[PDB]
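Quick note: residue numbers are just sequence positions, from 1. Below, each value reflects all heavy atoms present in this structure, side chains not excepted, and no hydrogens, waters or symmetry copies. Atoms within each ligand, like the ligands themselves, are counted from 1 in listed order.
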Amino acid sequence: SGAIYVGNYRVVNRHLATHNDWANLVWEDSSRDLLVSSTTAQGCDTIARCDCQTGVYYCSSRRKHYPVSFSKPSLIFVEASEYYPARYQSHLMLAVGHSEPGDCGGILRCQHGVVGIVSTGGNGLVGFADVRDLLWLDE
Ligand SMILES: COc1ccccc1[C@@H](C)C(=O)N1CCC[C@H](C(N)=O)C1
Ligand SMILES: [Zn+2]
């Protein structure tokens with residue numbers, strides 16, 4: 001679990017969005033596993049606007065943060081799960097690291113701010129849904 005809170009927006013994994021997220025929907029994209037909802041309170045987070053390929057992510061299944069080198073946002077095949085059919089997920093970045101069911105929503109940060117959230121795992125890999133291209137989150 002986990003979310004980004006920036007301005008009057010909440011960014012979550014689309015497959016973990018609640019009834020309240022859907023009732024306050026701003027934007028969603030199944031191909032990216034992202035959903036953004038509106039909030040009444042002002043958020044706690046800053047979004048990175050950069051091309052960093054290293055950072056640190058939070059892994060809830062270890063209660064620890066790990067440093068990672070990750071690929072640039074790209075179109076990657078993701079196997080079927082209970083939440084999606086087998087498909088290509090866009091704007092996804094991969095790295096070597098631990099991620100299991102439950103770790104989705106953990107934040108990946110570089111020195112400039114939030115980069116994205118955990119969206120895929122298994123096989124000693126961890127995948128992050130990028131949010132750095134969503135410039136409107138800042139306004
Ligand atoms: C079967 O899921 C796992 C198995 C081992 C390890 C980890 C997982 C989880 C985290 C995972 O990668 N996904 C399930 C939730 C939606 C994800 C997506 N973006 O399509 C895919
Ligand atoms: Zn950066």
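- Ion pairing between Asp45 and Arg109 holds under the 4.0 Å rule for side-chain N and carboxylate O.
- Contact annotation for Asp33 and ligand 1: only side-chain heavy atoms (C-beta onward) come within less than 4.0 Å of the ligand.
- Protein heavy atom nearest atom 15 (C) of ligand 1, with residue, atom name and distance: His15 NE2, 3.4 Å.
- For the pair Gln89 and ligand 1, the shortest N or O to N or O distance falls below 3.5 Å.
- Contacts between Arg87 and ligand 1, counted as non-hydrogen atom pairs separated by less than 4.0 Å, involve the side chain only.
- Remark: minimum distance from atom 1 (C) of ligand 1 to any protein heavy atom is reached at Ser81 CB, 4.4 Å.
- The protein atom (non-hydrogen) at minimum distance from atom 21 (C) of ligand 1 is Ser119 O, 3.9 Å.
- Residues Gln89 and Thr120 have side chains that never bring a donor and an acceptor to within less than 3.5 angstrom of each other.
- Nearest to the Zn ion (ligand 2), among the N, O or S atoms that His112 has, is ND1.
- Remark: ligand 1 and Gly121 share an N or O pair separated by less than 3.5 Å (distance only, no angle test).
- Of all protein heavy atoms, the one closest to atom 3 (C) of ligand 1 is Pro101 CG, 4.0 Å.
- Checked by atom type, the side-chain pair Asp33/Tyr83 shows no donor-acceptor distance below 3.5 Å.
- Considering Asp130, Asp138, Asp133 in turn, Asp138 is the only one that fulfils the salt bridge (charged side-chain N to carboxylate O under 4.0 Å, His left out) rule with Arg49.
- Judged by distance alone, the side chain of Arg14 and the main-chain N or O of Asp29 form no donor-acceptor pair under 3.5 Å.
- When rounded to 10 degrees, the angle formed at the Zn ion (ligand 2) by SG (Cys50) and SG (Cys52) equals 110°.
- Under a 3.5 Å cut-off, the side chain of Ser119 and the backbone N or O of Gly127 do not form any donor-acceptor pair.
- The residue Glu82 has no part lying near ligand 1, judged by heavy-atom distances below 4.0 Å.
- Using cut-offs of 30° and 60° on the angle between ring planes, the pair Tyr57 and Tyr66 is tilted.
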